[PDB]
Amino acid sequence: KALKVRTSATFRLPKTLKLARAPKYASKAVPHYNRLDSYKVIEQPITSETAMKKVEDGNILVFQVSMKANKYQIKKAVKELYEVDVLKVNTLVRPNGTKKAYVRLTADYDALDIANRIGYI
Amino acid sequence: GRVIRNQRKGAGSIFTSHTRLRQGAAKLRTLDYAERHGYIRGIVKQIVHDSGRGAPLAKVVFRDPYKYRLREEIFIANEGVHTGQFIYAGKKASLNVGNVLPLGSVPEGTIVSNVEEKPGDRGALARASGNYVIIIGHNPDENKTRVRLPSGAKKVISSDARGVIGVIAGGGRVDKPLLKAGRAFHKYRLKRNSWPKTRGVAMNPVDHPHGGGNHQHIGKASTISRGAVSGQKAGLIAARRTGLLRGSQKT
Amino acid sequence: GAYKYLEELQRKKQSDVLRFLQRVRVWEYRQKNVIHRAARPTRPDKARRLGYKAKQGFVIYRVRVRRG
Amino acid sequence: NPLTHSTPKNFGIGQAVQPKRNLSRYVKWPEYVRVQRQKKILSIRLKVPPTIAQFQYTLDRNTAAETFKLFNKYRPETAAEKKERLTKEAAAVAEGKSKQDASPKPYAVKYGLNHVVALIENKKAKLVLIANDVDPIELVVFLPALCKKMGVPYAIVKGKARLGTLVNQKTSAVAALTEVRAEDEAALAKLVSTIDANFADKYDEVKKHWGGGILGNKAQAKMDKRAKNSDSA
Amino acid sequence: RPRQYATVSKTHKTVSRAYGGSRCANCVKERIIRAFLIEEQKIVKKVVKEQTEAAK
RNA sequence: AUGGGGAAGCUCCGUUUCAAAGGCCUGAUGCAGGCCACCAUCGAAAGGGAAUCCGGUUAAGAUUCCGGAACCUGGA
RNA sequence: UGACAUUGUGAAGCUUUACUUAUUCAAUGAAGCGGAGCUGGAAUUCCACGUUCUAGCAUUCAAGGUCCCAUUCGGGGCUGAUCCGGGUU
């Protein structure tokens, strides 16, 4: 019996077996419910004069959005709450500290129609 | 009293060297098996200027004995080394300008440069421009060689210490007088912030031992003792003698 | 038991065997870390005297500090 | 054959890249491995005093085999066998109404340092075996001298792992036989007069002998070369 | 610019030759000449050494 | 920072060194198995840097919106 | 600067010299250290033991050789690259 041949003078830590956790108890009792579901991301519309102009002419809805939401969340939330495909989303942060999202729908849906469907003319 | 300028220069801060533009540390090859038994051949790719250094650096590509890689070593150019030259470094290398040889493998009177102080490091003696070391003699009994250093000092070092053949090149650099203060300004702009120097005798008495007084005079003997503590070592330190030499004083 | 023998022999720090053992163990302790887990006490008898019991949950650490 | 050529590579100093040789000698071993090896080296370089150097003497590969063969029959009861013995005794105490002599008198190797030392001191130990590689050697340095002064045969046996597999443990510094049966009395008698022959008889001469001082190979070769070319000077 | 080389075809980034987009044609010629000439010099030196070895 | 080493201690030196220091390609967490030995990280809204322009539009927006016309990156 | 401690082991006559394990210094990704052996030369001794006109090239556990199983289309061992001591120097 001869010792193992070593082609490198640098000794390295051998790659042993790494186990996966099997805890005796769950980390938390209950999984948290969806923290940012549709009714939390889409808060309320804005019906200022400029927003009204945008809905009437530009086919753009204007929504107040929680600051924790992004463009994908806003797109999916609009698609879920109001069954209309969105063409694009443009989000900004108002100086009073809340997200404002210009959601432009596809050409085959009317912003002026679904706005008064939601309730604000 | 206040911490004097020379005292302040050991803590670093603004007194560190300005090493942005330096090409790298000028060092020989590691004392590998190949170089310490026979010799290895490198090729001088390019000779470059090193900021803050008078002697041009030479970059020599060496094949790696134990791997494909090309170990590029930043030598110090010797007057005669040129691009495209083959540099033979090791014990079995022939004695031509630019070759690195252990000092036990060179005949007497040989001019070497960038001499290893002890076998194993990467060059210590005679690396400033125009400087060299003379192989005074050998001693195979204790494997040593005696050499003459640029400072006129005689030293004995293990015969396996290496050293490049020739002179460091860039010689006579101090012949030309810097006319303008700007020349010195740009010289020390890449060197450690040691310029301009204010005379201690012009300093206030708090800032320097020489300062103060109604006339700009030192006041006490300027030959400071070797054992004087830090902060008193301002002037001529451990001066055996002073004044102009007025004699041959050897060559 | 052997503990009387151990506690009497350890009192001979200048004996040849203990001198050799000390000269070896001090070198080991210098080589190892400043603070490191010692698997078992060097002097089990002294450990027992001070309160050690070779059971689970009793830990022995070895430490070196700068003298002077 | 017509297509495949022989091209012996030149592996000289400046020729082609050196092949992957065996660098096992130059491995930068971990700190613990280095401490292991250098501790053994230092312990064999320094002059080991006689009371430790006497542990360099162990049984040969025959006396050790014979002794362990003898002690194997006297391995103590395992946990399962003791439990079975307890079932037998539980039956006997209810039925036969007896505790002593309900089971045959046990005959097993006594072990444990604090037990064997007391047995040796009381001179009830017929034979004792000492592990040669205990980490605090102070635990058993005095054991051979105690054995010699108490007139009991001791053997500095090889390995505490063998003693552990004897006494159903992982390790055991010392294993002692104190009451052997008439069948194995002859075997133990032959074991002694040999064990004490190489250990107890030579005790007074190993007590005067130091050890260690075994230089490394690269220094022993140098010392040999210096002794030569100077012996003839 | 360095990143734009990723967006163009291989034709715009190489020349149809050994060391296409790395070394000049004259440098390629010089190194081919060097390779052949000093490999032949290696063979010649080996022949000379082999014939001198017998001069014992 | 870590490995380390100081310091009674708040913390200090140190930035790749007295360390058993990992992520990449796969065909499927071993892996067929291989690969590599580099060394945490922070550090510029004037340095390096993937790619957008025109016209129009508001009370206040804009190379961001609208109309038109392009390009980059990632991936199917 | 001196003494005490780390700090140990020897010789020769307060002195000299010696040893590596303590300790100290330096480098490398700890790559070739020490001893021995070949092979030629000089001559039991010593020496070398693959590379010098040239800004090329040198990588796939190496080709060859040899021995096995499977040969598959492949895999494996030795040699090539001397042996021993695991003291990295």
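Reconstructed Cβ throughout: ideal geometry from the backbone, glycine too, with neighbour counts over all protein chains shown. Only the coordinates and a few stated rules stand behind these numbers; no lab work does.
Miscellaneous remarks
- C-alpha long axis of helix E:25-53 to longest principal axis of chain E, angle in °: 20
- Folded to 0 to 90 degrees: helix D:182-191 orientation relative to chain D principal axis, Cα: 30
- Taking every Cα-Cα distance in chain A and sorting them into 10 Å bins starting at zero, the pair-distance distribution P(r) comes out as 11, 32, 17, 8, 9, 9, 8, 4, 1, 0 percent.
- Cβ-based net charge around residue D:121, under 12 Å, with every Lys or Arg adding one and every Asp or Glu removing one: +4
- For residue B:45, the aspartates and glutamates whose Cα comes closer than 17 Å to its Cα, not counting residues fewer than 8 places off in the same chain, are B:64, B:72, B:73, B:79, E:30.
- Over all other residues within a Cβ to Cβ distance under 11 Å of residue D:145, the charged ones net out to +2, with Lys and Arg as +1 and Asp and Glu as -1.
- Taking other C-beta atoms within 10 Å as the exposure proxy, A:10, A:98 rank A:10, A:98 from fewest upward.
- Chain lengthening between residue D:193 and residue D:23 when straightened (0.36 nm per residue, less Cα-Cα): 56.3 nm
- Over all other residues within a Cβ to Cβ distance under 12 Å of residue B:25, the charged ones net out to +2, with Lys and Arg as +1 and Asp and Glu as -1.
- Structure note, pairs C:13/C:53; C:12/C:46; B:27/D:20: Cα-Cα distances above 23 angstrom occur for C:13/C:53; B:27/D:20.
- Binning the alpha carbon pair distances of the protein assembly as shown at 10 angstrom intervals from zero yields the distribution 2, 7, 10, 11, 11, 11, 13, 14, 11, 6, 2, 0, 0, expressed in whole percent.
- Restricting the range A:50-121 to chymotrypsin sites (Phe, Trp or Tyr not before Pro) in coil, as DSSP defines it, with at most 16 other Cβ within 10 Å: A:109, A:120
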